[PDB]
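Participant: this one's a deposited entry, sequence included:
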Amino acid sequence: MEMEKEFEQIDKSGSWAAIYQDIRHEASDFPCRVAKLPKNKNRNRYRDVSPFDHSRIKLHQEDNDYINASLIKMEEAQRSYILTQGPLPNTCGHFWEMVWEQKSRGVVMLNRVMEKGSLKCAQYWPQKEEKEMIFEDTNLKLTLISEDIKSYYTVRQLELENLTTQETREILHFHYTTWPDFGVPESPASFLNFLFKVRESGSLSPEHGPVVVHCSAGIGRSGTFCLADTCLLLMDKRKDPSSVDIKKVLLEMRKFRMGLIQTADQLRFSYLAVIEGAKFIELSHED
Ligand SMILES: CCc1cc(C)n(-c2ccc(N)cc2)n1
């Protein structure tokens, strides 16, 4: 059963919503007590999107160790990912502290700071070389070193400095800039090219800390990136690529963070991306 053929059946039946709701009903439920403490209220973008206690990232500071972020450990694929919400104005220092402490090399961003006229994400990196950002609370300095703007995505080289030790580290920021305001990309071509760029950079390698991935809530678009990448890894690993079941992979990742893949559309897109990814390895004025 090629994923290909299952896709065609689901599409012919119009049953993407029914499959997605099955996945919702079978998904793990673990407690999130820490996330729900009163003092962490202002560290969560949404009241219904919380990291599970067992897989949450702890900040290595003393006063409050809480950040809305989850370590997704995919054991057979041998890759790990941190999935996190878009930083809030008050949690930007905590975001970079996490990056520092976890020894991440890359950050993947899948939203714009501003979408449908709402702030989805704080401007948590410097837009200009000459205006560095100082996070006073976590004692970090962040500088824009360079940026390569392409048509579907931007890669920035950032320097993060620990002002306590003066150690510096180069962070790669991979920003997918063209996810539509509504729905999903009609084609996964640019998303896949993006993903292979992140892989090519070495940021997903085992010599680094887990890559940091976010969108606004850290579960929808972020879920598509990790699901797609893990499925692709699993196909290559196993003698058989037609034995990878994206449904069961998704359920496995949902043991580490709630809600990954948030719409039936996003589920369909992730199927598409894995199918086109595996393979790889009209005149109109509607406006
Ligand atoms: C058991 C899960 C696991 C095993 C390994 C080697 N990693 C890993 C962690 C981070 C990165 N960048 C790559 C891989 N994660």
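Facilitator: The structure has been received and is ready for your questions. Numbers count the residues shown, from 1 in each chain.

Participant: for the rest of this, base every contact and every neighbour count on C-alpha atoms.
Facilitator: Fine.

Participant: tell me where the stretch 101-250 of the chain has helices.
Facilitator: Taking DSSP state H, counting those that start in this stretch, the helices of the stretch 101-250 of the chain run over residues 189-200, 221-237, 246-253.

Participant: and of the ones you listed, who's closest to the ligand?
Facilitator: helix 189-200 (9.9 Å; C-alpha to the nearest ligand atom).

Participant: tell me what that closest one is packed against?
Facilitator: Using 3 or more C-alpha pairs under 8 Å, 6 or more residues apart in numbering; DSSP states H and E, the elements in contact with helix 189-200 are strand 168-176, helix 264-280.

Participant: would a markdown table of the ones you listed with distance to the ligand be doable?
Facilitator: Formatted as a markdown table, the helices and strands packed on helix 189-200 follow (distance: least, C-alpha to the nearest ligand atom, whole Å):
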| stretch | distance to the ligand |
| --- | --- |
| strand 168-176 | 13 |
| helix 264-280 | 20 |
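
Participant: any chance of the helices of the stretch 101-250 of the chain in JSON lines, with distance to the ligand too?
Facilitator: Output for the helices of the stretch 101-250 of the chain, formatted as JSON lines (distance: least, C-alpha to the nearest ligand atom, whole Å):
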{"stretch": "helix 189-200", "distance to the ligand": "10"}
{"stretch": "helix 221-237", "distance to the ligand": "11"}
{"stretch": "helix 246-253", "distance to the ligand": "12"}
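
Participant: who wins for proximity to residue 157 among these?
Facilitator: helix 189-200 (12.6 Å; C-alpha to C-alpha).

Participant: now that closest one - C-alpha only, CSV.
Facilitator: Taking Å, rounded to 0.1, in the frame of the first residue of the first chain, the C-alpha atoms of helix 189-200 are listed here in CSV:
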residue,chain,number,x,y,z
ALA,A,189,7.5,21.9,-3.3
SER,A,190,8.8,25.0,-1.5
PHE,A,191,8.3,23.5,2.0
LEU,A,192,10.3,20.4,0.9
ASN,A,193,13.2,22.5,-0.6
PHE,A,194,13.1,24.5,2.8
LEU,A,195,13.3,21.2,4.7
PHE,A,196,16.3,19.9,2.6
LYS,A,197,18.1,23.3,3.2
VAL,A,198,17.7,22.9,7.0
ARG,A,199,19.1,19.2,6.6
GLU,A,200,21.9,20.4,4.3
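
Participant: and it, what's buried?
Facilitator: 190-192, 194-195, 198 (16 or more other C-alpha atoms under 10 Å).

Participant: what's the closest of the helices and strands packed on helix 189-200 to residue 20?
Facilitator: Nearest of the helices and strands packed on helix 189-200 (C-alpha to C-alpha): helix 264-280, 5.4 Å.

Participant: which helices and strands does that closest one pack with?
Facilitator: helix 3-13, helix 16-26, helix 189-200, helix 221-237.

Participant: residues of the stretch 1-150 of the chain that sit close to the ligand?
Facilitator: 73-75, 78-80 (C-alpha under 6 Å from any ligand atom).

Participant: separate out the buried members of those.
Facilitator: Of those, these count as buried by 16+ other C-alpha under 10 Å: 73-74, 79-80.

Participant: inside strands: which ones of these?
Facilitator: Counting by DSSP state E, these place 73-74, 79-80 in strands.

Participant: ok, of those, which one's closest to residue 39?
Facilitator: Comparing those against residue 39 with C-alpha to C-alpha picks out residue 73 as the nearest, at 27.9 Å.

Participant: hmm, residue 79 and the closest one touching each other?
Facilitator: Yes. The pair residue 73 / residue 79 is scored as a contact, 6.5 Å apart, by C-alpha atoms under 8 Å.

Participant: excluding chain neighbours, what is closest to residue 52?
Facilitator: residue 32 (4.6 Å; C-alpha to C-alpha, 6 or more residues apart in numbering).

Participant: quick check: that neighbour touching residue 50?
Facilitator: Yes. Applying C-alpha under 8 Å as the test, residue 32 and residue 50 come out as touching, 6.4 Å apart.
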